[PDB]
Amino acid sequence: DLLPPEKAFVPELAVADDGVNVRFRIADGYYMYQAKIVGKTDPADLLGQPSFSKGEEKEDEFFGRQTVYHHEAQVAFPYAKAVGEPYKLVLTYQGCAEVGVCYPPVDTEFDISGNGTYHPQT
Ligand SMILES: [Zn+2]
Ligand SMILES: [Zn+2]
Ligand SMILES: [Zn+2]
């Protein structure tokens with residue numbers, strides 16, 4: 001009874017014309033820090049600042065008061081550049097278990113070449 005992070009926090013990428021939408025599926029008994037969800041691209045700066053779905057507020061033993069996510073987290077990155085070429089998206093996030101321990105920040109890389117849904121490769 002303690003999931004590998006690969007199973008506690010599962011992101012799915014929806015690449016469309018307006019930008020990249022990320023949905024995290026979050027296993028029962030785990031939660032995610034809104035403030036630790038970050039997106040970077042190579043080439044850099046194709047994406048603007050993320051829009052976040054509504055979360056909850058929690059007094060946390062690690063980072064104090066925080067907006068967190070149970071069950072799911074939704075994050076939409078708008079396009080800041082015209083993108084016609086493939087690029088890499090590096091997603092950073094961090095979640096915890098309700099039992100009272102936290103996973104380290106995790107970086108997950110997506111190789112994007114056009115529209116559709118993308119899954120993690122490892
Ligand atoms: Zn909680
Ligand atoms: Zn798929
Ligand atoms: Zn794996």
# chains A, B, ... in the order shown; residues from 1 in each chain; ligands from 1

call {"tool": "residues_around", "arguments": {"residues": "residue 36 in chain A", "least_positions_apart": "3", "cutoff": "8 Å", "atoms": "only C-alpha atoms", "output": "PDB file with N, CA, C and O atoms, in the first residue's frame"}}
result
ATOM      1  N   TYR A  33       0.549  19.358  -5.489  1.00  0.00           N
ATOM      2  CA  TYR A  33       0.722  20.784  -5.268  1.00  0.00           C
ATOM      3  C   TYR A  33       0.495  21.561  -6.560  1.00  0.00           C
ATOM      4  O   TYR A  33       1.245  21.410  -7.535  1.00  0.00           O
ATOM      5  N   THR A  92       6.972  19.405 -15.064  1.00  0.00           N
ATOM      6  CA  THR A  92       7.417  19.165 -13.702  1.00  0.00           C
ATOM      7  C   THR A  92       6.215  19.211 -12.777  1.00  0.00           C
ATOM      8  O   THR A  92       5.356  20.086 -12.922  1.00  0.00           O
ATOM      9  N   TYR A  93       6.165  18.285 -11.821  1.00  0.00           N
ATOM     10  CA  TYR A  93       5.089  18.250 -10.840  1.00  0.00           C
ATOM     11  C   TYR A  93       5.582  17.545  -9.584  1.00  0.00           C
ATOM     12  O   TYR A  93       6.623  16.885  -9.585  1.00  0.00           O
ATOM     13  N   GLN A  94       4.806  17.679  -8.507  1.00  0.00           N
ATOM     14  CA  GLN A  94       5.119  17.014  -7.250  1.00  0.00           C
ATOM     15  C   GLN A  94       3.841  16.688  -6.489  1.00  0.00           C
ATOM     16  O   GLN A  94       3.023  17.580  -6.240  1.00  0.00           O
ATOM     17  N   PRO A 105       9.982  15.997  -6.546  1.00  0.00           N
ATOM     18  CA  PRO A 105       9.507  16.518  -7.831  1.00  0.00           C
ATOM     19  C   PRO A 105       9.896  15.572  -8.956  1.00  0.00           C
ATOM     20  O   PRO A 105      11.000  15.019  -8.982  1.00  0.00           O
TER      21      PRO A 105
END

call {"tool": "residues_around", "arguments": {"residues": "range 49-56 of chain A", "least_positions_apart": "4", "cutoff": "12 Å", "atoms": "only C-alpha atoms", "output": "JSON, numbers by chain"}}
result
{"A": [19, 20, 21, 22, 23, 24, 31, 32, 33, 34, 35, 36, 37, 38, 39, 40, 45, 60, 65, 66, 67, 68, 69, 70, 71, 72, 73, 74, 75, 76, 77, 78, 79, 80, 91]}

call {"tool": "write_last_selection", "arguments": {"atoms": "C-alpha atoms", "output": "mmCIF file, in the first residue's frame"}}
result
data_model
loop_
_atom_site.group_PDB
_atom_site.id
_atom_site.type_symbol
_atom_site.label_atom_id
_atom_site.label_comp_id
_atom_site.auth_asym_id
_atom_site.auth_seq_id
_atom_site.Cartn_x
_atom_site.Cartn_y
_atom_site.Cartn_z
ATOM 1 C CA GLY A 19 -2.221 24.908 -26.780
ATOM 2 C CA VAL A 20 -1.440 21.940 -24.580
ATOM 3 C CA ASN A 21 -3.954 20.710 -22.005
ATOM 4 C CA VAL A 22 -2.599 18.426 -19.253
ATOM 5 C CA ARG A 23 -4.869 16.216 -17.173
ATOM 6 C CA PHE A 24 -3.422 14.472 -14.152
ATOM 7 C CA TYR A 31 -2.684 14.795 -3.774
ATOM 8 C CA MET A 32 -0.705 17.316 -5.819
ATOM 9 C CA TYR A 33 0.722 20.784 -5.268
ATOM 10 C CA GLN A 34 -0.721 23.311 -7.685
ATOM 11 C CA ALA A 35 2.344 25.528 -7.169
ATOM 12 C CA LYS A 36 4.815 22.792 -8.239
ATOM 13 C CA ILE A 37 3.245 22.137 -11.680
ATOM 14 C CA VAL A 38 5.497 23.771 -14.295
ATOM 15 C CA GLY A 39 5.935 23.463 -18.068
ATOM 16 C CA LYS A 40 9.077 24.128 -20.118
ATOM 17 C CA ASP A 45 9.060 29.692 -24.598
ATOM 18 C CA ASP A 60 0.332 20.966 4.762
ATOM 19 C CA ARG A 65 -0.760 26.473 3.301
ATOM 20 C CA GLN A 66 -1.212 25.405 -0.308
ATOM 21 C CA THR A 67 -3.672 24.938 -3.101
ATOM 22 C CA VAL A 68 -3.694 21.161 -3.762
ATOM 23 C CA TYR A 69 -5.456 18.657 -5.992
ATOM 24 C CA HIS A 70 -7.332 15.498 -5.080
ATOM 25 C CA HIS A 71 -8.600 13.131 -7.831
ATOM 26 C CA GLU A 72 -7.495 15.202 -10.818
ATOM 27 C CA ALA A 73 -5.541 18.258 -11.873
ATOM 28 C CA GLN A 74 -6.184 20.159 -15.114
ATOM 29 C CA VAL A 75 -3.694 22.619 -16.604
ATOM 30 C CA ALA A 76 -3.971 24.390 -19.970
ATOM 31 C CA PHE A 77 -0.873 25.948 -21.517
ATOM 32 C CA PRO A 78 -1.644 28.518 -24.231
ATOM 33 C CA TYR A 79 0.574 28.868 -27.258
ATOM 34 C CA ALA A 80 2.751 31.957 -27.194
ATOM 35 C CA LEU A 91 6.446 18.810 -17.368
#

call {"tool": "closest_atom_pairs", "arguments": {"of": "chain A", "to": "ligand 3", "cutoff": "9 Å", "atoms": "only C-alpha atoms and all ligand atoms", "output": "JSON lines"}}
result
{"residue": "A:6", "atom": "CA", "partner": "ligand 3", "partner_atom_place_in_ligand_line": "1 (Zn)", "distance": 6.6}
{"residue": "A:7", "atom": "CA", "partner": "ligand 3", "partner_atom_place_in_ligand_line": "1 (Zn)", "distance": 9.0}
{"residue": "A:120", "atom": "CA", "partner": "ligand 3", "partner_atom_place_in_ligand_line": "1 (Zn)", "distance": 8.4}
{"residue": "A:121", "atom": "CA", "partner": "ligand 3", "partner_atom_place_in_ligand_line": "1 (Zn)", "distance": 7.4}
{"residue": "A:122", "atom": "CA", "partner": "ligand 3", "partner_atom_place_in_ligand_line": "1 (Zn)", "distance": 4.3}

call {"tool": "residues_near_ligand", "arguments": {"ligand": "ligand 2", "cutoff": "8 Å", "atoms": "only C-alpha atoms and all ligand atoms", "output": "ChimeraX atom specification"}}
result
/A:117-119

call {"tool": "closest_residue", "arguments": {"among": "A:48, A:95, A:11, A:29", "to": "ligand 1", "atoms": "only C-alpha atoms and all ligand atoms"}}
result
A:29

call {"tool": "atom_distance", "arguments": {"atom1": "CA of residue 42 in chain A", "atom2": "CA of residue 5 in chain A"}}
result
24.6 Å

call {"tool": "atom_distance", "arguments": {"atom1": "CA of residue 81 in chain A", "atom2": "CA of residue 25 in chain A"}}
result
28.2 Å

call {"tool": "closest_residue", "arguments": {"among": "A:18, A:57, A:1, A:12", "to": "ligand 1", "atoms": "only C-alpha atoms and all ligand atoms"}}
result
A:57

call {"tool": "closest_residue", "arguments": {"among": "A:83, A:27, A:106, A:46", "to": "ligand 1", "atoms": "only C-alpha atoms and all ligand atoms"}}
result
A:27

call {"tool": "atom_distance", "arguments": {"atom1": "CA of residue 111 in chain A", "atom2": "CA of residue 30 in chain A"}}
result
27.3 Å

call {"tool": "closest_residue", "arguments": {"among": "A:82, A:112, A:26, A:3", "to": "residue 47 in chain A", "atoms": "only C-alpha atoms"}}
result
A:82

call {"tool": "closest_residue", "arguments": {"among": "A:9, A:63, A:110, A:103", "to": "residue 86 in chain A", "atoms": "only C-alpha atoms"}}
result
A:110

call {"tool": "select_by_dssp", "arguments": {"residues": "chain A", "states": "helix (DSSP H, G or I)", "output": "mmCIF file with N, CA, C and O atoms, in the first residue's frame"}}
result
data_model
loop_
_atom_site.group_PDB
_atom_site.id
_atom_site.type_symbol
_atom_site.label_atom_id
_atom_site.label_comp_id
_atom_site.auth_asym_id
_atom_site.auth_seq_id
_atom_site.Cartn_x
_atom_site.Cartn_y
_atom_site.Cartn_z
ATOM 1 N N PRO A 5 5.374 6.471 -7.968
ATOM 2 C CA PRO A 5 4.833 7.763 -8.425
ATOM 3 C C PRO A 5 4.255 7.669 -9.821
ATOM 4 O O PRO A 5 3.313 8.397 -10.162
ATOM 5 N N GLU A 6 4.758 6.721 -10.606
ATOM 6 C CA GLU A 6 4.295 6.511 -11.969
ATOM 7 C C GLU A 6 2.806 6.190 -12.007
ATOM 8 O O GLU A 6 2.140 6.422 -13.027
ATOM 9 N N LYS A 7 2.273 5.660 -10.900
ATOM 10 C CA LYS A 7 0.876 5.267 -10.783
ATOM 11 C C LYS A 7 0.052 6.197 -9.897
ATOM 12 O O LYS A 7 -1.175 6.237 -10.033
ATOM 13 N N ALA A 8 0.686 6.934 -8.997
ATOM 14 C CA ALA A 8 -0.049 7.892 -8.187
ATOM 15 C C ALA A 8 -0.470 9.101 -9.017
ATOM 16 O O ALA A 8 -1.547 9.667 -8.797
ATOM 17 N N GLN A 34 -0.518 22.419 -6.556
ATOM 18 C CA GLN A 34 -0.721 23.311 -7.685
ATOM 19 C C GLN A 34 0.524 24.131 -7.997
ATOM 20 O O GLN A 34 0.895 24.287 -9.167
ATOM 21 N N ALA A 35 1.188 24.652 -6.966
ATOM 22 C CA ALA A 35 2.344 25.528 -7.169
ATOM 23 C C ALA A 35 3.585 24.823 -7.714
ATOM 24 O O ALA A 35 4.538 25.512 -8.088
ATOM 25 N N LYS A 36 3.633 23.489 -7.740
ATOM 26 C CA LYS A 36 4.815 22.792 -8.239
ATOM 27 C C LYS A 36 4.655 22.290 -9.670
ATOM 28 O O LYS A 36 5.596 21.703 -10.211
#
